[PDB]
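Engineer:
Number of protein chains: 4
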Amino acid sequence: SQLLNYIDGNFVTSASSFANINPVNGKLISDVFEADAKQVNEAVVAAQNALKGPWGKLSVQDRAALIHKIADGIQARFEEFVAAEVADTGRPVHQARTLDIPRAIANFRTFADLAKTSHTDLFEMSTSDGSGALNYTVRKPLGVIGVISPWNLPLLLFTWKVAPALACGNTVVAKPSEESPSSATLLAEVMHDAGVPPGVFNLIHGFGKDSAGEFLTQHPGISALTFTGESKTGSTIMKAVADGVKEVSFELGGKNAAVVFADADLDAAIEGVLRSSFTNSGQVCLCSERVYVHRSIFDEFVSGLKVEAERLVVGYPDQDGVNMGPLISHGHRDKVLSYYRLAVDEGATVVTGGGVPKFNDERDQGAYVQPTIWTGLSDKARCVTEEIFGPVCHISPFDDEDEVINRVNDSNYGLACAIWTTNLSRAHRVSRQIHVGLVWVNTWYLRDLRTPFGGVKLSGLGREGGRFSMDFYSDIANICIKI
Amino acid sequence: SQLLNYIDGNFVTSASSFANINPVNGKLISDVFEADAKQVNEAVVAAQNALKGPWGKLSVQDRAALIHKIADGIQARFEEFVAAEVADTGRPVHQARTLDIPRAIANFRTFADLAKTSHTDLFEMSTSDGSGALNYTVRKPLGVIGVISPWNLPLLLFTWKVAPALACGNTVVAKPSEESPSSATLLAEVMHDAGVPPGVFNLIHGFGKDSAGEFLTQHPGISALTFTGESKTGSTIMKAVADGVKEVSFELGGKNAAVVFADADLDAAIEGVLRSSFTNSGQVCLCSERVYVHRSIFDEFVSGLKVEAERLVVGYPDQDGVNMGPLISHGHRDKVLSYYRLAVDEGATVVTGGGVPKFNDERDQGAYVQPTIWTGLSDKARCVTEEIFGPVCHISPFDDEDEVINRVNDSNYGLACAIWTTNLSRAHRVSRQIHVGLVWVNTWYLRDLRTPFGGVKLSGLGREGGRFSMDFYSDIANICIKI
Amino acid sequence: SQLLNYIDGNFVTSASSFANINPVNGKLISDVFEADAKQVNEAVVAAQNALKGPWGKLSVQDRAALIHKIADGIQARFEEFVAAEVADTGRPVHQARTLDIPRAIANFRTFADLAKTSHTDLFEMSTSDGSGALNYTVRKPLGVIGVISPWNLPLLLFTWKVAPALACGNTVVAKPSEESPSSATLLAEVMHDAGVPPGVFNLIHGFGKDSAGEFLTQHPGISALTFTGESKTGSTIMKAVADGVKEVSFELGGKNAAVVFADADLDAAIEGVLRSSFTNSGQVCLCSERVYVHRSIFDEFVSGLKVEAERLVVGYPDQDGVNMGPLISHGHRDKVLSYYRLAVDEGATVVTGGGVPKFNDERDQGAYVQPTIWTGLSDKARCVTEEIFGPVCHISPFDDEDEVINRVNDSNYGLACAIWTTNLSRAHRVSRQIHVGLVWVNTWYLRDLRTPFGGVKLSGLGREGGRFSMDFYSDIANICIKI
Amino acid sequence: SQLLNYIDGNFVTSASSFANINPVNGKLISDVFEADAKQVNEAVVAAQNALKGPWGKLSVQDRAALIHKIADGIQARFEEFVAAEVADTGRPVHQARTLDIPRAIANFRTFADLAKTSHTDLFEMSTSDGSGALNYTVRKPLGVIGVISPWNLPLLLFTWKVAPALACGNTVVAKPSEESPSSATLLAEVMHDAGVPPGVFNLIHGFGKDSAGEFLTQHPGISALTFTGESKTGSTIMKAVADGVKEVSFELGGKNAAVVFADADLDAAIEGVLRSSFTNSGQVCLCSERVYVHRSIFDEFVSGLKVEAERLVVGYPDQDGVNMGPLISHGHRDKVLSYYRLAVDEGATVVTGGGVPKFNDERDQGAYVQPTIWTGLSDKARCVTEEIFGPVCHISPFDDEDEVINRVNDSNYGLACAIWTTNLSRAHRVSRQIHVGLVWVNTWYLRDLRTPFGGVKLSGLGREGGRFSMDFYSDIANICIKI
Ligand SMILES: NC(=O)c1ccc[n+]([C@@H]2O[C@H](COP(=O)([O-])OP(=O)(O)OC[C@H]3O[C@@H](n4cnc5c(N)ncnc54)[C@H](O)[C@@H]3O)[C@@H](O)[C@H]2O)c1
Ligand SMILES: NC(=O)c1ccc[n+]([C@@H]2O[C@H](COP(=O)([O-])OP(=O)(O)OC[C@H]3O[C@@H](n4cnc5c(N)ncnc54)[C@H](O)[C@@H]3O)[C@@H](O)[C@H]2O)c1
Ligand SMILES: O=C/C=C/C=C(/O)C(=O)O
Ligand SMILES: O=C/C=C/C=C(/O)C(=O)O
Ligand code: NA
Ligand code: NA
Ligand code: NA
Ligand code: NA
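Protein chains in written order, with the entry's author numbering: chain C, 18 to 500; chain D, 18 to 500; chain B, 18 to 500; chain A, 18 to 500.
1. Where does the unbroken beta strand (DSSP E) through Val-189 of chain B begin, and where does it stop?
2. Where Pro-171 of chain D and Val-110 of chain D are concerned, what is the direct C-alpha to C-alpha distance, given to the nearest angstrom?
3. Is the Cβ-Cβ distance between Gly-251 of chain D and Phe-244 of chain D less than 9 Å?
4. With distances taken Cα to Cα, identify the nearest neighbour of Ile-162 of chain B among B:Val-217, B:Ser-194, B:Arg-108 and B:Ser-200.
5. When you compare the CB of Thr-154 of chain D with every CB in chain B, is at least one pair closer than 9 Å?
6. What in chain D is Cβ-close to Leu-131 of chain A, meaning under 7 Å?
7. Let me check one thing: in DSSP terms, what residues is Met-255 of chain B bridge-paired to?
8. What is the rounded straight-line gap between the Cα of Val-330 of chain D and the Cα of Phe-28 of chain A?
9. If you draw a straight line from the alpha carbon of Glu-231 of chain D to that of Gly-225 of chain D, how long is it in whole angstroms?
10. Output yes or no for whether 9 Å exceeds the beta carbon distance between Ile-122 of chain A and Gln-78 of chain A.
11. Is it the case that the CB of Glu-196 of chain A approaches a heavy atom of ligand 8 more closely than 8 Å?
12. Hey, which unbroken runs of the beta strand (DSSP E) at 3 residues or more fall wholly within the region 168 to 236 of chain B?
13. Does the beta carbon of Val-276 of chain C come closer than 9 Å to any beta carbon on chain A?
14. Closest to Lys-375 of chain D by C-alpha separation, out of D:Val-368, D:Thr-366 and D:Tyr-385, would be which residue?
15. For the putative contact between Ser-31 of chain C and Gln-56 of chain C, defined by C-beta atoms under 8 Å, what is the C-beta separation to the nearest angstrom?
16. Give me the residue from D:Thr-188, D:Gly-342, D:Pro-158 and D:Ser-266 with the minimum Cα distance to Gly-482 of chain D.
17. Check whether the Cβ of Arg-126 of chain A sits closer than 8 Å to any heavy atom of ligand 4, and report yes or no.
18. Cα separation between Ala-398 of chain A and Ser-298 of chain A?
19. Can you list, in chain order, the residues of its chain whose CB lies under 7 Å from that of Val-453 of chain C, leaving out five sequence neighbours each side?
20. Do you know whose CA, among C:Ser-294, C:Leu-478 and C:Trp-177, lies nearest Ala-88 of chain C's CA?
21. Kindly indicate which three-state DSSP category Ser-34 of chain C falls into: helix, strand or coil?
22. Determine the chain B residues that contact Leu-233 of chain A at a beta-carbon separation under 7 Å, and present them in chain order.
23. What are the complete alpha helix (DSSP H) segments, minimum 4 residues, inside the region 244 to 294 of chain D?
24. If you scan the region 42 to 123 of chain D from start to end, which runs of the alpha helix (DSSP H) of 4 or more residues do you find wholly inside it?
Laid out in structure tokens, this is it:
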């Protein structure tokens, strides 16, 4: 199969392509045309031009309706979206069916709804002459939005940036991850078939450095760049846009902690930490790679977790009760296994996992690894401070509330934390002292799309979610009328 | 006179120093101790540690009452602050008495109040098990805020940053412009005498490149950098913080237009452009350096403005009916005089001014220039497109509304615009189509401190003012409780 | 046997019926079953109980979706709703097609959406013991809402109350006007077919006093009473609910003015006042019955308006260029004719109309009156102070701005006013001085469902629209957690 | 001591005077001049004219400063206000100094602040012709506000209404309770000395029926009636204003419950219920008169409470560690002892209290009763269902969460509830199911002035607190400009 760019209402190829690899089994799924500078430029210019076309004349109610028509379009090809996401990533079918695609549909519908009910402010004031004045605010499109996205929840995160950009009347030039270009390509078809005017949504394929990613980022025609990926890539991109002083919104790594206090419901914590460490084969920015458990229940916790971890079915996306699929790619398994080793050297006890499973079939040419649990490491070990982004956690005991708060916060990252406790005072007292953007108490990755959703310190810049997306993807302008 | 740094509750000197010059007569006002990389380091460390002391334990109410006392202490020393801003900048006394110092006072009071009345959000949601969940947001300090401010409205822009930073419970390290250090140092004294705990507010004197400015900007202990200055300086600072992925807030240059339509109140428009072009001797980012006037009134508008500009009194800050002081320094005057020549070279008719007035007294050693009006340059001329930041405007005719709108918007800046018309529809039809952060109709620089206040494109990054300042100087964190 | 009640999920008849008459020709359209005290009680109890059934358990997202299915179900029977509205009221078919039915559908949609996007508040505080507390608010259904609506925009006004009621999770007992019951009956069939659970929406037919209206108003089981109708009926209802201290929300009469200044677009103003005085045969609470025109344009305005008014086509709802239908009933027609005479006794010049047109066909048995224009009455004439609710305006000259503002405000009502001027200052300076809930400048009855939409003084009690409807139809509860 | 009315800038006496009696010892404190209908009229008319005078021309920020001046005036006479509250009511001096007087000051300050920070809304919309329109809202004074307040928290509740009234630019005619007129009279003095324009604040003394209160309530010149007091008086007043359709805001009775679960911190819960039942001698609308305790800890709870209640000191307001003063009056004490007898007749075990203490001094001429606990009554008993408004609670066991929720909600009132539990889920699951305006978990009457603060069912009509007071005390008007 072939994946083409979508520029100014046209599918187009390039002077080059790269392969897209299925990671269940190393096989080739598709050729993907790499967008070059000229093609990027042609994309930005057409998104510029589309702002002064029929898109820009739509009322907010008619724009909202079209976006709902985009969402209806995805629902109408639902099983194709599932297949494309799975194929690219190895994600279990069931989870692409209940989380990834439905969420993408809800991203468009939610931001269309926000854009319809959103309004601005009126300020009255007195003047020397006694006649007064009015200041009012108006909401406009920011302009052309560059969107660069990652591979771990391809459609979910691509639509999280694209839906609010379009809802706010912007136009978009979007560059999905090289590793998962398929669901995005299908979206371009949904856009086209829905009647989205040419130039409004442009899809470019490519890599980062020296490819479409970077050219987008350096193009003076964009007004903003929203990005999700590695912290180091954020810093790079921040440098690249600096001369145009472009608006930037970044969601970046974390090294997230879960915390289990003595008075937690132990079973629920074990189950919750299981999900939080090994969901999507631990390839979510939100996953817990450090776990702190109070000393009085530490051994029981580690035993319980070891057991549930070994019951995880690691297999075919469509295999009966499968829980995990592979990593995204071999290159990413190379990094993960490299942490697995570094853990050993640094002194870790391997409670479970620690290498790759053996299938005796095509999956052995894929990119699977095992759910791993470590113990024994100190707070300064590299395997406890750096993001691995695999199905791994380290577990460590603690004694004191103040102590464990300090240990959770002793990080250059700040995305999420989960806390397990049945106590009312503790939950609210400890939550507010954790230096992260998202705390969950007795659950994990529960989602309400109205909330601010982002991290502090190296884990982000700005916030998105709810009115914070409405603010980022819009230009607020103040008009003052002297009376 | 000597101006010391203020670090961790103590006024301190440095190993080096530089001169503060009175632009009215070129004389020495004070010596100012440059802070080195090392002292910048102490100020930051102390500001970090101040977060974990008494300041960090005050209620929102007590924090606000202490900020009201800062304001009372400026008020108690009102005339000394007036004298300080005048000496540094040459500004007319009446302007410092009515705009500059009362605004620095109201900036503290406004943000104190905003901090008392501000709340966050509560979201309720259903969950699969029927028990529901709550997500609530809380408002924390961002951390250490680095503040770097310009020389044109020194205490006003300085406090516009420091007030919300402190009201949101941050600690601060602030670097005022080398050209206008006095009011900031007096402010450090007020802070001290009001009992602001040590480390909350730190004042570091110095320059930018390879100095205090640069150092603050590179220190990893800061959580954010807020800045007002040149667009290119913004670009540099954005590169400098990119490795730490620090929150950034920028208010940068402009090349602002005023538009005078045929049905304008002409005499009121002439007066308004006079004020918008020549206030503070054109040294305000808000000033109008491009002016568009409908062809049927262009010649009469030009003649009227000439007359009014030639009546302006250019002189001592406390001279009788003084309207305009000098430029900030000889170096800035060199830059302005250079653009004055450039305009003649690009074909300008000099309608008035275009040189330096001759006093035959001490002021001739100062940094004065004449108010200047040009005519006859094309929209491509550099003088019509680059920020001069002097008492100058160019005046060009137009015939058509859509035409003028495109000429205003054809610029890389987007700070402000003023429009003059008596027509209800036009006011609101035209205003919304200007691609700037601030439009005024039939006035200029009329302020309501609740509004968003900043520009688009090269004129800004983020927004401040009202709840935009509270959003930027706070960390908004989400807490999700599964019920 | 044609129009039934709908109580607890079944259509039911009653012990007595009353005639519904077509105002186009005085013919019987239907027999309507009048609910008695016992049936009103059965409806309140069933609504009470449905709050504890499945309706009570739906999530906000699912409730909203169900409300969108109510909307979809109206859309699917679009032409039957049109035919129903037209049959009861004689409204022109094109108007029912473009205003009445689409707005009823959008009422349901807009409020479903607001229910989904609305959130509440979170307040942090300090406490003496240094642990702090949180206060947060939650929105809950008020309970059973009793809805009593009028005959002039039947489905539009009925759903304007029913949609936010249901959107906030209440249940409803709703009594449409005796003169226009058909569209509400069809609405119940839509509710039924959409699977709205039994008891959630209940329809009772009848009159006011000694009938279903009054009984609903006195029943101790309702939590609120929302009403649209005459002021005097509002007072009676406020007394009836007083022992129960029920929440109330009333939208009552007005005696609205239009004001035309010398600088208006005169042709637009004549067209504007034509719509504002004669739309729906002047049977809209928002219609202009008093017009003030500046003396320099008075004769011209009056002459232009005469011509336009005598070009209005008064006739059959499906007749070719029809503009006006009949009045709602012979009873309402006699009230209006009684005012037409009083106008002549009080000294009015009849510029046009003043009686009933002669059709020489079955329309002569209907309830038509002519569009009428008066001149020469005094500001204290009863015809200029009491609401007529017919297709009638009096036009009076004025001279000064202060004077006409005082005459507009000299009224016990305060619903709406329209102002015609092209001057920017005047628009904003006058509009703000008019003591009404709604001012339109250079237009009339322009509608944005997000806005507060009601009147002051005798014209209203409380306020609906936007977040104001969400406030009224919700119970807001504050929960305080000591930490 | 004499207490005059304050009408139109002047203190004035009346044709008749009544006695204010000190409830500690039955001695005469003052004569109070009852206002008659003519004087009420005089007040309302002055208040109307005051809206067109200097008060009406104040900027918001000036109005606010002046309200801060009122608060400073009270702060300057702090101990005189303390002595005046104490003498009228017998409340402990420490309660007056820590709650009553400071809250009255903070009411004025909080609302002044809110008046300065508050803005309104801007709605942009499309129109047929593609030019669009704008809807903006403005905030105006409502008009004259009639205020009627009770005797239990005289100055706190009086100023809780007067303050937001004045902050929103209304004028006021206010009638304190005949039982507690002194602090309000001193408030009139403060207003006058603060330069509050004549007619802006008017004070009238008297009773309800056939006196100042009724007459206020029936005057056509008021725009609204805010009222705190018994539910029955609520109804009477809602009737009286019905002919005028005046805005109304009522805070009314309750029969509040406290619920102690098995996992409560029992000693904290005992202290909390002791404070919630016996503060101000149970004469707060917020007090718990019904308490439910889990069966497993019921006996231990009652024992513990008995001991603590028997250690309460009942006596003079300045007596050492006094906890309770007398009831407000001999009449109120007759009502309370009536309910003490009824309880015995209905079968209650008197756990402690149940009579009047014996003092052997002037306190035996006062209106003291003992703190009283009952056990053994059924949910239907009158003493468990009707509001007593003295220092009494009944305690009953329970077994199941859903059961105790139903028992609390089984009431015609819905003011407040307090819940004691250490369990996180329980606090939030149970809180949200209680049908009241205000729930406290692990505390009672902890207050943040930003919150909504009122009850549901018979306990209330409308809501005040934070922006709910700004909504009630303002006229929000919508202006729509066709562009
Ligand atoms: N919301 C969040 O906080 C969040 C969520 C999920 C994943 N992540 C991150 O996702 C990452 C997975 O992807 P990765 O390791 O390949 O990240 P990456 O930063 O290398 O690249 C992700 C995206 O950035 C593009 N890119 C890379 N270099 C670029 C450059 N110089 N200029 C422009 N674009 C460039 C890539 O093509 C891709 O589309 C993880 O490292 C993790 O930190 C963050
Ligand atoms: N938004 C507004 O402000 C607005 C809008 C449209 C119409 N109106 C009013 O609509 C009115 C239509 O005339 P109308 O005779 O229908 O007004 P009405 O007040 O007599 O009747 C309106 C509704 O109230 C019910 N009703 C009448 N008396 C009652 C009683 N004692 N108890 C309970 N319910 C009672 C009626 O049966 C009907 O459903 C006009 O007179 C006009 O004032 C107001
Ligand atoms: O953003 C990073 C992980 C996100 C999960 C989401 O559901 C989301 O971003 O919308
Ligand atoms: O910020 C640039 C000019 C600012 C003037 C102001 O009044 C302000 O920033 O507050
Ligand atoms: Na792949
Ligand atoms: Na200087
Ligand atoms: Na009819
Ligand atoms: Na008394």
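Note that beta-carbon positions come from the ideal geometry of N, C-alpha and C, so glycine has one too.
Structural biologist: Short version:
1. Residue numbering aside, residue 189 of chain B sits at position 172 when the third sequence is read from its first letter. Start and end: 188 to 192.
2. As a position in the second sequence, residue 171 of chain D is number 154, starting the count at 1. As a position in the second sequence, residue 110 of chain D is number 93, starting the count at 1. C-alpha of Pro-171 of chain D to C-alpha of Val-110 of chain D: approximately 14 Å in a straight line.
3. For this step, residue 251 of chain D is matched to residue 234 along the second sequence. For this step, residue 244 of chain D is matched to residue 227 along the second sequence. Result yes, Cβ atoms of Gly-251 of chain D and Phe-244 of chain D sit closer than 9 Å.
4. Within the third sequence, residue 162 of chain B is the residue found at index 145, counting from 1. That would be B:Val-217, whose Cα lies nearest to the Cα of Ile-162 of chain B.
5. The count along the second sequence starts at 1 and reaches residue 154 of chain D at position 137. Closer than 9 Å: yes.
6. For the purposes of this step, residue 131 of chain A is taken as the residue at position 114 of the fourth sequence. Those are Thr-134, listed as they occur along chain D.
7. Within the third sequence, numbered from 1, the residue matching residue 255 of chain B stands at position 238. Residue pairing by DSSP places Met-255 of chain B opposite no residue, since no beta bridge is assigned to it.
8. Within the second sequence, the letter at position 313 stands for residue 330 of chain D. Within the fourth sequence, the letter at position 11 stands for residue 28 of chain A. Cα-Cα distance, rounded: 56 Å.
9. Translated into positions along the second sequence, residue 231 of chain D becomes position 214. Translated into positions along the second sequence, residue 225 of chain D becomes position 208. For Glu-231 of chain D and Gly-225 of chain D, the gap between their C-alpha atoms comes out near 5 Å.
10. For the purposes of this step, residue 122 of chain A is taken as residue 105 along the fourth sequence, with counting starting at 1. For the purposes of this step, residue 78 of chain A is taken as residue 61 along the fourth sequence, with counting starting at 1. In this structure, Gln-78 of chain A does not lie closer than 9 Å to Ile-122 of chain A by Cβ.
11. Looking up residue 196 of chain A in the fourth sequence gives position 179. Yes.
12. Those beta strand (DSSP E) runs which fall completely within the region 168 to 236 of chain B and span 3+ residues are 188 to 192 and 218 to 220.
13. Within the first sequence, numbered from 1, the residue matching residue 276 of chain C stands at position 259. No, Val-276 of chain C lies away from the interface with chain A (no Cβ there is under 9 Å from its Cβ).
14. Sequence index remark: in the second sequence, residue 375 of chain D carries index 358 (1-based). The shortest C-alpha separation from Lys-375 of chain D is found at D:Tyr-385.
15. As a position in the first sequence, residue 31 of chain C is number 14, starting the count at 1. As a position in the first sequence, residue 56 of chain C is number 39, starting the count at 1. At roughly 6 Å, the Cβ-Cβ gap stays under 8 Å, so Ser-31 of chain C and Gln-56 of chain C are in contact.
16. Within the second sequence, the letter at position 465 stands for residue 482 of chain D. Answer by Cα proximity: D:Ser-266.
17. Counting from 1 along the fourth sequence, the entry for residue 126 of chain A is found at position 109. False, no ligand heavy atom lies under 8 Å from that Cβ.
18. For the purposes of this step, residue 398 of chain A is identified with residue 381 of the fourth sequence, where counting begins at 1. For the purposes of this step, residue 298 of chain A is identified with residue 281 of the fourth sequence, where counting begins at 1. As the crow flies, the alpha-carbon of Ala-398 of chain A is around 22 Å from that of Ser-298 of chain A.
19. In the first sequence, the residue the question calls residue 453 of chain C occupies position 436. Same-chain partners within the cutoff: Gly-431, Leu-432, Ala-433, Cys-434, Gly-472 and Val-473.
20. Locating residue 88 of chain C in the first sequence gives position 71, counting from the first residue. Nearest to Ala-88 of chain C by C-alpha distance, out of C:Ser-294, C:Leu-478 and C:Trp-177, is C:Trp-177.
21. In the first sequence, counting from the first residue as 1, residue 34 of chain C sits at position 17. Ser-34 of chain C falls in the strand class under three-state DSSP.
22. Taking the first residue of the fourth sequence as 1, we reach residue 233 of chain A at position 216. From the beta-carbon of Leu-233 of chain A, no residue of chain B is found nearer than 7 Å; the closest lies around 17 Å away.
23. As far as the region 244 to 294 of chain D is concerned, its whole alpha helix (DSSP H) runs of at least 4 residues are 248 to 258.
24. Entirely contained in the region 42 to 123 of chain D, the alpha helix (DSSP H) runs reaching 4 residues are, in chain order, 54 to 67, 77 to 93 and 95 to 106.
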